[PDB]
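Going by PDB author numbering, the sequence shown opens with residue 1, and the numbers climb by one from there. For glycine and all other residues, C-beta sits at the position ideal for the given N, C-alpha and C.
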Amino acid sequence: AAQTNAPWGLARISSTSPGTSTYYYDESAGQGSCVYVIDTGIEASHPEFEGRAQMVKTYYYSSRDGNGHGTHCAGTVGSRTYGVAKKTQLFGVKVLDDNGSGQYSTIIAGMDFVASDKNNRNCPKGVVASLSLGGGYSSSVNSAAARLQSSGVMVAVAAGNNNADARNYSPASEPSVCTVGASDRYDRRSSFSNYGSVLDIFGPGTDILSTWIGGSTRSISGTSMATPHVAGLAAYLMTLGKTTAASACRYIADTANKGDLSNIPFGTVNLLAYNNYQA
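If you want it as structure tokens, here you go:
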């Protein structure tokens, strides 16, 4: 399948070169997989989700996304125009309030919620969780991310936006989950992207067009935007039967575009997520 005039990040993940604008992918498109977006919520009514999104949990007075961040991330995972895995099922878990903040205890509860809740959903091709959130190092937060992964969910987490070593952030620093740095459309490390040995992969994170609340769209930047590219990619590859929740991060690293990013610090992987789709 070919989507013309796609957002640059989608085109990038199906290309061996920067500078193209068409996204190529197998038409299976993550059908039969599920991605949990653990964030500020998802505006499921957005036409871009086509009825494939739903809120399953909130820790606040509403399950609505009053912020936008979660809706943008979910759009990059799975919206019809802005998404990597255009036929996945999207499940929203609102651990972040409408100001984008959340207590670590709530975030932990949301991770453990997903590990159990997947048993209430139909995801024959597999389950992914996208965590575009984080804070300072916490062993309890890392352990929750590790449990979620152990339970059979492909966990993708943002590296963080401090232009610093991600070893000092959680859940970024958890070794058993897939930690995602950000790049720009010229294959440069994004200016704000964290780095370090704990990173597993880079994805598009600068100037990413996706869904927003009020049935709208906008372009924003962050490792929050790179993470759902990787989560959507995992769902897509799992639907194709190429990998599993436990092995997908390694598979994505194995099949990445290698050595193509600039300003990668010595000791950080130079790997850019790539679907290796041959039309």
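If we call anything under 8 Å between Cβ atoms a contact, is residue i one with residue j?
i      : j      : result
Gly181 : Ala226 : yes
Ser79  : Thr211 : yes
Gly83  : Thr76  : yes
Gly134 : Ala172 : yes
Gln149 : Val128 : no
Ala231 : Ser151 : no
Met111 : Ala144 : yes
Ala11  : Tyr236 : no
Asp39  : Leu96  : yes
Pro7   : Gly215 : no
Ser197 : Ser190 : no
Can you give me the C-alpha to C-alpha distance between residue i and residue j, rounded to a whole angstrom?
i      : j      : result
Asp254 : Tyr61  : 43 Å
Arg188 : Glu43  : 32 Å
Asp200 : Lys242 : 18 Å
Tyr195 : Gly126 : 29 Å
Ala246 : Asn276 : 20 Å
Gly92  : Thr179 : 20 Å
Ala115 : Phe192 : 31 Å
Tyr251 : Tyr104 : 30 Å
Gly102 : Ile264 : 31 Å
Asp26  : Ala279 : 8 Å
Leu261 : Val56  : 37 Å
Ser139 : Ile108 : 11 Å
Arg121 : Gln54  : 12 Å
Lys118 : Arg52  : 16 Å
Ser170 : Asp98  : 21 Å
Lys94  : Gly100 : 10 Å
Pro18  : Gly41  : 32 Å
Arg185 : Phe113 : 35 Å
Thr71  : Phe49  : 10 Å
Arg64  : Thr16  : 38 Å
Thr106 : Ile220 : 26 Å
Ignore the nearest five residues each way along the sequence and tell me which others in residue i's own chain have a CB closer than 7 Å to its CB.
i      : result
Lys258 : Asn270 and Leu271
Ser224 : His69, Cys73, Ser132 and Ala158
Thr244 : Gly126 and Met238
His229 : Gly9, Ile13, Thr76, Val84, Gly203, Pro204 and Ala273
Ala256 : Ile201, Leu271, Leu272, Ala273 and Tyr274
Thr81  : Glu48
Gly160 : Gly134, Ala166, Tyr169, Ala172, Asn194 and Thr223
Which residues in the same chain have their Cβ closer than 6 Å to the Cβ of residue i, if we skip the five residues on either side of it in sequence?
i      : result
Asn168 : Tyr137
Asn163 : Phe192
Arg218 : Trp212
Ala234 : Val128, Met154 and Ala248
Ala146 : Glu174 and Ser176
Excluding five sequence neighbours on each side, which residues of the same chain lie with their C-beta closer than 8 Å to the C-beta of residue i?
i      : result
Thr4   : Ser21 and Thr22
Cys123 : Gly32, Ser33, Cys34 and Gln89
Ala2   : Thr22, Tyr23, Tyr24 and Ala279
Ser45  : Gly215
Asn142 : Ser170, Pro171, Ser173 and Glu174
For residue i, would you say it is in contact with chain B, using Cβ-to-Cβ distances shorter than 8 Å as the test?
i      : result
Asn122 : Of the protein chains in this structure there is only one, and it is not chain B.
Would you say the segment 50-61 touches the segment 197-206, given that touching needs at least three Cβ pairs under 8 Å? no
Go through the segment 39-74 residue by residue and report every complete run of the beta strand (DSSP E) that reaches 3 residues or more, in order. 53-58
Note down, one range per segment and in chain order, each beta strand (DSSP E) of at least 3 residues found wholly within the segment 103-188. 126-131, 153-158 and 178-183
Indicate whether the contact test is met: 3 or more Cβ pairs, each with one atom in the segment 80-89 and one in the segment 28-46, closer than 8 Å. Counting C-beta pairs with one atom in each stretch, the segment 80-89 and the segment 28-46 have three or more that are closer than 8 Å, which means they touch.
Can you list, in chain order, the stretches of the alpha helix (DSSP H) that have 4 or more residues and sit fully within the segment 198-246? 223-239
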